[PDB]
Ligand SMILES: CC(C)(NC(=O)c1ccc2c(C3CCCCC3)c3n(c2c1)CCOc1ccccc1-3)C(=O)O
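The form solved without the named molecule is given below as one chain in structure tokens.
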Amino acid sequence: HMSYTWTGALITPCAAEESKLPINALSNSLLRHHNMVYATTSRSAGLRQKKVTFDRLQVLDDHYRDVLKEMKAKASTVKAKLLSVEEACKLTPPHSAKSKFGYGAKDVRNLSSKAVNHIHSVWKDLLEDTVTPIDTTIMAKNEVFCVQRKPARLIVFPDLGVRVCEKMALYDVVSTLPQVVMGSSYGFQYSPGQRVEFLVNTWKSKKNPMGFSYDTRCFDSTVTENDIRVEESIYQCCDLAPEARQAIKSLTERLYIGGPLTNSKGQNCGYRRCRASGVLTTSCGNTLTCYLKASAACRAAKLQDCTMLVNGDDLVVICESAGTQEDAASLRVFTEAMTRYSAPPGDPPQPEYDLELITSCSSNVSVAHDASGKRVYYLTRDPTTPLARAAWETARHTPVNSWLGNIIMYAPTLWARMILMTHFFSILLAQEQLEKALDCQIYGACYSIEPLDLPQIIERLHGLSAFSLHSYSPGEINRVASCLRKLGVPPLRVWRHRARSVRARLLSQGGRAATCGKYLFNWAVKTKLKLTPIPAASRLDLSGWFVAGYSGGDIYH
């Protein structure tokens, strides 16, 4: 029951790959320790292949079947629609991988006759054949990190025509079903502020709170054929059109359960029998399976008054504590149960008794003060990876701007405000690119955003307090300052000096640029300006921003 079998053919690149941090005239203003930043390449795919290849054994008990029966009861209340070919086409990212059958993502988006005719033939084939394995391409992701090197993560995806068919059959399902089945435990329904509120209220709802995060080792490779068929049985509980039922059965049998792996050169690399990382159902499937295994493991470990928070493979549990020694024993039982379910741990889970010390989705709750002096909880993270990616993006244009996603998701943080906003607004000003729309990712879905709209986006997501936060925690200040010394990033006092200049330069431009100056950089002046609601903020269409997770799902809004 191997996650993969391999032929020996290499996982090949599609273009020239850079692993060393590119340097330009702007690089040193952000980061001096260049050797600490690197990008993963196909060169390390062979090491990843070794780590993800193992036998999976699964022992399923009554706690597992009981949780599954409850999940199916909630799933039976969902009604999902088929999307038309045209609706699915418009969800395709403009730079999505082209089809092998002679059309690309722009052809799909423009509803070109060639693209639409091929999508219709893929759809008909899904309805008529429920057995033939569907081909997939395997590729090494190029991702940026700071040292202390990780091998490249692998992406496995079917052809563009198939991806459009997945949207037709399952977009509405994967967007609506997880919140129905998991309720408040479904992490992707929350903005960062709502996530903090859920975590703080949950922590407070316990008499003696204890919490832990559970890291499954290579989660996608732990997902078995049983798990994927169980996911399909949950999807089939929905009220669906008969064609959607048939397409979901076909896609499960031909694609989701497994299939052959083809490199960028057309050679057969081997065969997958675990979760594909580049399909529409990756996020929803991972979330449901992680929630199912963890809920059942909680019952096996007799954890009292468990509240879970799940985002794909990322899991955090807050429960009633039985004292440190009993909690340590309980987590070993929780881990044993997770292992029996084929979700063994990476790092063993640790009980935490301070909410601020729990890391989940690489983030933690912290405290600052608003303009009135009131204590305010907000979400932050270690800034090392955001700063290493910002250094890369300073010298190279990338298909996804992590700096922009980081400013959006972490707008109230000390590091996103002082460093990211200051650095990137300086660059955009110099290039007169404040109005140029840039792609970013929010919960795996792709958005095209103009930097000039950031004050309005931040107000809607975090409130006006994100422009007024001060008196950050000594723990948070020290982690930021320590990260800066590690990477050779100038200290926060330099950033404050640079921000007064960026602020003045934006105010000089007038209009939307002046709004950025006023709101984003009010922290940089001695005599702060009274910040009032932005009229443009109410008109913004942010409806599908925090609805569901779509990592690897090829979704554009």
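Basically, rigid core = biggest C-alpha set you can superpose within 1.5 Å across the two forms. Residues carry their position along the shown sequence, with the first being 1.
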* **Farther-lying stretch by C-alpha RMS in 4 other deposited structures of this protein, rigid core as reference, of 68-76 and 470-478** => 470-478
* On a core superposition, give the stretch, 41-49 or 491-499, with the larger average C-alpha separation from this form in 4 other deposited structures of this protein (RMS over structures and residues). => 491-499
* Pick one of none, 1 to 3, 4 to 9 or 10 or more for the number of deposited-sequence residues not modelled between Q148 and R149. => 4 to 9
* Tell me which of 304-312 and 215-223 has the higher mean C-alpha B-factor in the deposited entry. => 304-312
* To do: Take the C-alpha B-factors listed in the entry for 369-377 and for 404-412, compute each mean, and give the stretch with the larger one.
  => 369-377
* Asked: Whose CA atom has the top B-factor in the entry, of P345, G183, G444, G285?
  -> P345
* Between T53, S42, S501, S508, which carries the biggest CA temperature factor in the record? -> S508
* Structure fact -> Among the modelled residues of its chain, the C-alpha B-factor of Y171 falls in the third labelled lowest
* **CA B-factor placement of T398, once the chain's modelled residues are sorted into thirds** => highest
* Going by what the PDB entry lists, where does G475 fall on CA B-factor within its chain: lowest, middle or highest third? -> highest
* To do: Relative to the other modelled residues of the same chain, rank the CA B-factor of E232 and answer lowest, middle or highest third.
  => lowest
* Structure fact -> Split the chain's modelled residues into thirds by Cα B-factor; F467 lands in the middle
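Although not depicted, the form solved in complex with the named molecule is the subject of the following passage.
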* Taking the pose of the named molecule in the entry with it bound and superimposing the surrounding C-alphas onto this chain, would you call the site open or blocked (blocked if 3 or more ligand atoms come within 2.4 Å of backbone or C-beta atoms)? -> blocked
* Contacting member of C319, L420, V173, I248, with respect to the named molecule in the entry with it bound [4.5 Å, heavy atom] -> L420
* Position in contact with the named molecule when the complex is considered in the entry with it bound, options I138, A294, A388, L303, heavy atoms within 4.5 Å -> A388
* Heavy atom distance at most 4.5 Å to the named molecule in the entry with it bound, all of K100, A115 and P260 -> no
* So in the entry with it bound, does any heavy atom of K518 sit within 4.5 Å of the named molecule? -> no
* Does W495 reach the named molecule in the entry with it bound if we count a contact as any heavy atom within 4.5 Å? -> yes
* Closest heavy atom of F424 to the named molecule in the entry with it bound, within 4.5 Å or not? -> yes
* is_contact(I234, the named molecule) in the entry with it bound, heavy atom dist at most 4.5 Å -> no
* Report the stretch among 226-234, 483-491, 117-125, 260-268 that approaches the named molecule in the entry with it bound to within 4.5 Å, counting heavy atoms only. => 483-491
